Each structure stands twice: as structure tokens, then as C-alpha cells.
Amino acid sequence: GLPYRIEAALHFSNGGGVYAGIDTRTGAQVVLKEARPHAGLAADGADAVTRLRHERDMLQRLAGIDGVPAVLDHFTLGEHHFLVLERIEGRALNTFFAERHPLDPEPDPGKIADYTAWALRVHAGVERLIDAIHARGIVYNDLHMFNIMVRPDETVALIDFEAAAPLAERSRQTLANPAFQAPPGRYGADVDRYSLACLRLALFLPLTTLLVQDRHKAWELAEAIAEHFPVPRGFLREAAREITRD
């Protein structure tokens, strides 16, 4: 009875799945997230349905922001919740680290300068987006390469908002970034300020060194990037300043 044709199974995790579909009335591309309840223990945490409704709430707080997927529809069949979101076209930032990173040992500085400009675009777009989210009273809590969409026109977007929370809440909980240890004792907009600094270095470091080097090496990492990329040098300095503020 649905007006949506589900055409692809993208992901499933913890009672929640993500599918690509089609509005049959308009042909419009959509994304479907759905959740099923789990009667369980408190130690089990929030179930898929509870986390689905929080994400919908957060996306409704952020409606109208360019870079935040719109909520098109929501319904329940029995206790099966469905959340219909607009589909952000483009590629996630983590898929650029496959090819666009091996900037080989000795490459053409034409491509080096082009990449530095490109990376600074992406961080600036992600920062503007994060700023607009803070203006609604929301702190994204999960900023990293796997959540950042790079659209065909080079503008950016963020995919998963299940981890976002109101800014007024004061929570010592810090989610870790793929590259550096979670910073001890941070809340409010400072959590995103930290992830953005991590992203400023990650955009230039090769994947292997990303996972291996810890946050005490940030100063070394900034100086190393400066010698190999034409970055305005205080830009990298300020990232290492933010990552090592404790």
C-alpha cells in the first residue's frame, strides 16, 4: 500500500536498516530508515525506534538548513517505524582517502596546490554547516569523514543525526574521532570545535599515519603537513592548539 518503492538495501545495524527508494507519485529519490522495537534491559540502551525518533526530532530542529537532509515523511505500521528522508547525492568524504590520497611520494605541485585548495573548501563548508547547526541550539556529536557528504558541486552535507543533542544539555560524554582519542571533559559546541580541528589535519594525513599517530603528535603533524602542503601555517597551528588544549 506504500507509495514508496524500495530499490536498494544500504545498511542494517542494531534493529535499524537504511534503504534507498523512490516516491512512486513523483519519481523522487528518497532514503528510508526503519526501526523495530526491542523490549529489553536498561543496560541494552535505547532501541532502534527510540533512536529513530530522536534523529527525526533533530532533523526537524535543523529543517531548512542547506546540508541537512529534509524529513519528507514518517509513519508506523504496527510498531514498525518508517522515516523517509531526502537523498543527499555525492560521495562520503572517507571514500576520497582511497585514491585521492596516494599525493604520491614525489608528485606534481599542480595537483598538490589543487588538493590543498580543495581540502580547505571542504573544511570551510563543513564548519559553516556546523555553525548553522549551533545557531539552532544543536550540537552535532559525530563529526568525521564517514558522516560528511561531498556533493557533485563540491558543497558539503552531513548524513547521520542520531547522535546530535540540544546544546543546552551539559553532558560529559565525548564521542571519539577515527583519528584521535576522545578529548577528556568537553561539552557544548566545544565537542564540535574539537572534531573540526581533527578534520583539519586528517584531510592532509595519509590513512596509515592517521590511525597510528596519537594526539600528542599533533604539533609534529601540523609542521609536517606545512612542509608538504601550501597551507597557511597558522591554520594547522590552530588545529594542533585545539587538539592539545589539555
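In this text, residue numbers run from 1 along the sequence as written.
S.K.: Are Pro102 and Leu103 truly consecutive in the deposited sequence, or are residues between them missing coordinates? Give the number as none, 1 to 3, 4 to 9, or 10 or more.
M.R.: The entry leaves 1 to 3 residues without coordinates here.
S.K.: Going by the average Cα B-factor in the PDB entry, point out whether 163 to 171 or 69 to 77 comes out higher.
M.R.: Taking the mean B-factor of the alpha carbons in each, 163 to 171 is higher.
S.K.: Can you tell me whether 233 to 241 has a higher mean C-alpha B factor than 14 to 22 in this record, or the other way round?
M.R.: Going by the record's values, the stretch with the higher mean is 233 to 241.
S.K.: From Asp214, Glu34, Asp57, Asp192, which pick has the Cα B-factor that tops the rest in the entry?
M.R.: Answer, based on the entry's C-alpha B-factors: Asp214.
S.K.: Based on the PDB record, which member of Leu207, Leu41, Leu199, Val30 exhibits the highest Cα temperature factor?
M.R.: The listed residue with the largest C-alpha B-factor is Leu41.
S.K.: Can you tell me which third, lowest, middle or highest, the CA B-factor of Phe82 falls into for its chain?
M.R.: Its C-alpha B-factor belongs to the lowest third of this chain's values.
S.K.: Grab the CA temperature factor for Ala182 from the record and place it in the lowest, middle or highest third of its chain.
M.R.: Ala182: CA B-factor falls in the highest third of its chain.
S.K.: Going by the entry, which third of its chain does the Cα temperature factor of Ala224 land in?
M.R.: Middle third of the chain for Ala224's C-alpha B-factor.
S.K.: Using only modelled residues of the chain, where does the Cα B factor of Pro109 rank: lowest third, middle third or highest third?
M.R.: Ranked within chain, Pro109 CA B lands in the highest tercile.
S.K.: Using only modelled residues of the chain, where does the Cα B factor of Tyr115 rank: lowest third, middle third or highest third?
M.R.: According to the entry, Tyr115 has a C-alpha B-factor in the chain's highest third.
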